[PDB]
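Chains as they are written, first to last, in PDB author numbering: chain E, 1512 to 1991, 2016 to 2070, 2080 to 2216; chain V, 1 to 605. Just so it is clear, CB atoms sit at the ideal spot from N, CA and C, and this is done for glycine as well.
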Amino acid sequence: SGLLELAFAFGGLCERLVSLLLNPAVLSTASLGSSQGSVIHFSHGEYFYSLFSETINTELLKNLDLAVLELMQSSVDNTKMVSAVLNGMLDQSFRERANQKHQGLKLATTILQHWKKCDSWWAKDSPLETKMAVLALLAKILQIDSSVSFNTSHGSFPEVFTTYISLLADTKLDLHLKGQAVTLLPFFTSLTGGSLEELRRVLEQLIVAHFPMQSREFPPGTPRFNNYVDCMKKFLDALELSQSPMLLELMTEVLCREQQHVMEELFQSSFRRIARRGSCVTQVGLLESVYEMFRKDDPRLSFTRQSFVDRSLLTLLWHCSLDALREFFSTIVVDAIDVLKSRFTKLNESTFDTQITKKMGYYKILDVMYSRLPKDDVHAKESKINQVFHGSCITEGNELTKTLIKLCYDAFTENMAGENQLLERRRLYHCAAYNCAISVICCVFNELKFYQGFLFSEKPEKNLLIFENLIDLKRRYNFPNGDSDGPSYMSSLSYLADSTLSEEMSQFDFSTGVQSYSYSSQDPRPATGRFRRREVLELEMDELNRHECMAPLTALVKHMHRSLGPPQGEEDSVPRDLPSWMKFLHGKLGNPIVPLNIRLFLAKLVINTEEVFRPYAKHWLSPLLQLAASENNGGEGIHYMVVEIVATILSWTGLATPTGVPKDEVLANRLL
Amino acid sequence: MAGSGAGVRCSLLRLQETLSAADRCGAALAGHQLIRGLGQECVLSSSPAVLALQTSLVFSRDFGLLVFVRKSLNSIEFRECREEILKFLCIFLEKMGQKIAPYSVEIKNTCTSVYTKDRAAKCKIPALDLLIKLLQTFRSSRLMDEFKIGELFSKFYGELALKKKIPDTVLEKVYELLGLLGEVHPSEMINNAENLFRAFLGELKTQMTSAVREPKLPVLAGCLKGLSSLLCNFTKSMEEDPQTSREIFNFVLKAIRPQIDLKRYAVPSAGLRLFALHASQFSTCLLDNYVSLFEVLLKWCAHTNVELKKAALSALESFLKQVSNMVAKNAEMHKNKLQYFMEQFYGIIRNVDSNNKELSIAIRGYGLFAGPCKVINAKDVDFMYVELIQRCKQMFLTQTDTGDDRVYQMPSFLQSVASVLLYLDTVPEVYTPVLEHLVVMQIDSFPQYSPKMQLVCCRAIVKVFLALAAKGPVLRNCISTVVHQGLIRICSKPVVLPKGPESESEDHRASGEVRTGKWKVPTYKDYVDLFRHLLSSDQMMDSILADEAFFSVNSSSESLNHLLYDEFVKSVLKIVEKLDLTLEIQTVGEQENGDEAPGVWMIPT
């Protein structure tokens, strides 16, 4: 090596070195050890470059332009040696990155300047191995450029883009090569439309060709399922690195083809990660893309339209940015309200359900930006949101919240007697409005809330429940995975200035082109509190606890108990009556002629977060006890509803005693 | 926990005292409950050496089981509990490997005395399974060497005289015991062997009878098991036997024959066991009917049973190995068989809707049938290599991990890609990184195997290293990179804590939300055996040389020890040079001018 360094330092013999490297000469040798007894053939240039690789790479990077020019001038008949030398130079430039900066970028630009010399490499009717070599070289160039000098226009973009598109469109490539291409996707994501929609077309063609309509056609353990999940995870990683609105559109279209996706957790985690990371403009662009997907008149079924909001848009909205939420709200104020106040059709069944779904989705969206936004914008003096059609910053108050709460109240107060076209969809529509109204109410005003019920044959309780589904409450809460993230790239994929061995493992992957995954200590890897909780309810298998409007209303009840109502510290706070909401719930629960599901709903409401229920005691002791001791209940035997009711009502002893009054003593004896 | 010895001694004394006063002894009671209780206590014992006292108390004087069953000789229709005693003994004998030999002779004497005057059934089968489990205790012939086999053979052959109404459940175990008389010690069973084999073959022929007569399916399974046991030790090679072994393979061949009635298997399992253990003994018997044999073994490999699955896999492996051996020996005239086998393998491999077991057998066939493929045509091995490498990249070098073994099959695939790499004139330059990643991941996944699978893994690594080093100087550099990367990955694992690891197996971890997998974290000491085996490769060298037929009979190719040692020292020096071991002080800071005194500098040291 020292003699080679001296020989190179003597003059400028770069041409001789490329020439002696790109030289066909076979050096016959005997069998290495004992293999066959015949001779072993190997090239002179390959051996010479294999031994003293570093010196040749260093002096070729010294005279970069001439070396690249000669190498790509002789790259028609020596494709093995040219690829080997180019890869060696790229690895050499990737090493010493923190000190020898701008050498790798210069090498990548110089290589990209002569793509027409490698045009005959990736073309049609070419060997597949040569195409994989072209893909690997292109990947190395893209990572070593770090998306600094390569972009649309002024970068010889058409040749590279045509190469990438032709690599994608080839039908002979296996799924792993297309997966490497999908890994290379984020470098081409700065599209400008027009002719660059061909990327979208070939991506959709790939999705149609290799992805099944249902995600259950491949049984677990089959190689087809593993390849499918690998391709999906590569697509999701490309989305995360990309933040492309097109990629989000494609993956949501794929995800919403079925109610349950085998890799739904990965989809939601990727959506929440791209919602957390980024800038304001990217977030509003992504939200606008999903919103325009949702509000488009296409022959798409109702559950797919519901899944566009419930699974995708909900996560992005909940993990969005504060100002992006405000801008999205200001964008979507006008259309949502006129949609909510719009009249119905009730003529064609295909038009009924889409209108119902659109109203339900708009209610959920407004629920989200009322739950996550402060009161200083929805209703205040300097409100950036201008709901009024006239606008011009005139008047003051709230012409938005009043109309929204009025529309929600009208949605609750719906008389469905004699109207039987679709019931469950509206059941959701009524529950959706209630939760939207609760989220609006929670952060606008204080004191006593809106009047409840009012009768006139329009009560929220009958509209929010099914009245026909018998809840199968078992003896106890019991008897109501997939593919996981798999291994990780720990101590690899990045130097991170933390470990040199990790840096060598990260260069092994760059050189070989295949990422390395070790074995993780624990199969589940919770990075943070993502999906664990939002910004005590450890029982999800119950139907009454997994109700659309049970979780919101209980949160509303807990909000009533804290920082609202009479000040704390009351001793024997009115043990002769109840407040309007409490006494309303008492009347609906204490009455024995109301359907069973309402009584079960209110009883489970009382059981959950029993702190608020315990004050005003010796009052709620009886309506729970009548339900506990009754022939009509959640089921036969001592089911867990009875167990919870009995535990709560016996833990209330001392403060309240079911004695003295003969009405409850008989029922207590019956219960015993 | 500690009082079990006193309790078991008290129970033994009570059992000894039970056979007094009234000879009824509570009829079926008052002994059965005691036997069941002592058996439950014995099987519910502890792990440490406390069991030595109770094992010595079990095999002891009058307050013992052996003296009890010896004195139970006059139990005419009395004390129907000796079978439970024998079952407990065989369970206990299975539970603990007999520590000392003077107890084994007493055990076999007691079971032989049980054999005498054994009325009807329900005790003969316990006695025979006790004897069967006893004969597997030594496995080295250093104990049980007084050689009473002559009297046992004479008695068993005397039992063959009746042959009228012996129970089927008894006859099968009797013939299994007759088969078990072999593989005990040499210079025995060499004079009566011919008569015994003639009687066994005639009895089996009468068992099938080749008619609509009663087949006696339990008897046939025991006959095949005894046949396999006899063929295990004695050669009986058909190469010198043209007539009496063609029928002994035909018997197996009709035993393999599937049917709708499962009949609790046994009879289609003993035949596959015999084939698997004795395929080398039917040369050309397998060849003359390869298509049917292959399809039937594949059909048995595609089933739902577990033991039958293992038997089918082993039988198919032995068949394929024999066929591969004969074709590699005579690849010139043997071309249609190779064409059929490799066409089936090609179809299975290219079938993208394949399973793991079918892919495994296809890859094994790829590995076995390489040399004949090379001699027929040079361009086939390249396609085999590229397809195998693509499949290995698809299945192993992936992040998916839905959940499976996915690591208990890598050595079986590495040994198969090693053969195709050995039989390649030129190597595609683009799959070398894939091969390097495969070998590095195989090295990393070492502490996830049983010891035998660990030895298989090191043998696979040795074979791949030989294939890599027998190709060219550049592939030696690939070997060097593989070794260096493996050393880096081993060194990057977390450091063993200097503090004591407390009591081993103290609990079952936190057991969170579905905490399974049992992925034990490796340490530096978990990889010690692998590199010792790498630097001591002579035994694996001769094992591979005996297994495969290749030009490797020379000490030059054997010198993988020097190569691997040099790579180890070079990697150690490289890691030492590249590592950054400088150290500084971080509790203090620079740019101090008139600030708080603790914030300027620590007291001088």
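Supposed contact pair residue j and residue i - C-beta distance, whole angstroms, cut 8 Å
i	j	result
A1943 of chain E	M1871 of chain E	5 Å
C232 of chain V	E183 of chain V	6 Å
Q485 of chain V	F2043 of chain E	6 Å
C10 of chain V	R79 of chain V	Contact doesn't hold; Cβ gap of about 20 Å is too wide.
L1616 of chain E	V1671 of chain E	Not really, about 15 Å apart at Cβ, beyond 8 Å.
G2017 of chain E	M1774 of chain E	7 Å
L1618 of chain E	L1639 of chain E	About 27 Å separates the two Cβ atoms, so there is no contact after all.
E1910 of chain E	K1892 of chain E	The pair is not a contact, with the Cβ atoms about 14 Å apart (cut-off 8 Å).
C-alpha gap between residue i and residue j, whole angstroms
i	j	result
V440 of chain V	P411 of chain V	12 Å
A2 of chain V	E94 of chain V	23 Å
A1680 of chain E	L2100 of chain E	55 Å
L253 of chain V	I125 of chain V	29 Å
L1562 of chain E	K321 of chain V	41 Å
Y115 of chain V	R198 of chain V	25 Å
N2177 of chain E	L2171 of chain E	7 Å
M1724 of chain E	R1768 of chain E	7 Å
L1646 of chain E	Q1691 of chain E	8 Å
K1807 of chain E	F1699 of chain E	28 Å
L1877 of chain E	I1843 of chain E	9 Å
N191 of chain V	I149 of chain V	13 Å
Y1558 of chain E	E429 of chain V	14 Å
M602 of chain V	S492 of chain V	34 Å
Beta carbon proximity, residue i to chain E, threshold 8 Å
i	result
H437 of chain V	yes
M395 of chain V	yes
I488 of chain V	yes
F92 of chain V	no
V514 of chain V	yes
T402 of chain V	yes
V434 of chain V	yes
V474 of chain V	yes
Local Cβ density within 10 Å of residue i, reported as buried at 16 or more and exposed below that
i	result
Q54 of chain V	buried
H1552 of chain E	exposed
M541 of chain V	buried
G222 of chain V	buried
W519 of chain V	exposed
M1643 of chain E	buried
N1568 of chain E	buried
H1687 of chain E	buried
Cutoff 8 Å: residue i Cβ touching any chain V Cβ
i	result
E1557 of chain E	yes
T2063 of chain E	no
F2043 of chain E	yes
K1591 of chain E	yes
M1762 of chain E	no
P2022 of chain E	yes
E1607 of chain E	no
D1681 of chain E	no
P2059 of chain E	yes
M2085 of chain E	no
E1969 of chain E	no
Could you list the residues in the segment 1532 to 1554 of chain E with a C-beta less than 8 Å from some C-beta on chain V, going in chain order? Taking 8 Å as the Cβ-Cβ cut-off against chain V, the residues of the segment 1532 to 1554 of chain E that qualify are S1542, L1543, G1544, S1545, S1546, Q1547, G1548, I1551 and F1553.
Taking Cβ-Cβ distances below 7 Å as the criterion, which residues of the segment 1714 to 1743 of chain E are in contact with chain V? Result list: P1731, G1732, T1733, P1734, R1735, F1736, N1737, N1738, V1740 and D1741.
Chain V contacts made by the segment 2030 to 2055 of chain E, where a contact means CB separation under 8 Å: Per Cβ criterion, the list reads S2034, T2035, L2036, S2037, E2039, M2040, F2043, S2046, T2047, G2048, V2049, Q2050, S2051, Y2052, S2053, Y2054 and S2055.
Closer than 7 Å, Cβ to any Cβ of chain V: which residues of the segment 1686 to 1715 of chain E, in chain order? Going along the segment 1686 to 1715 of chain E in chain order, one finds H1687 with a Cβ nearer than 7 Å to chain V.
Can you give me, in chain order, the residues of the segment 353 to 378 of chain V that have a beta carbon less than 9 Å from any beta carbon in chain E? Flagged, chain order: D353, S354, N355, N356 and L359.
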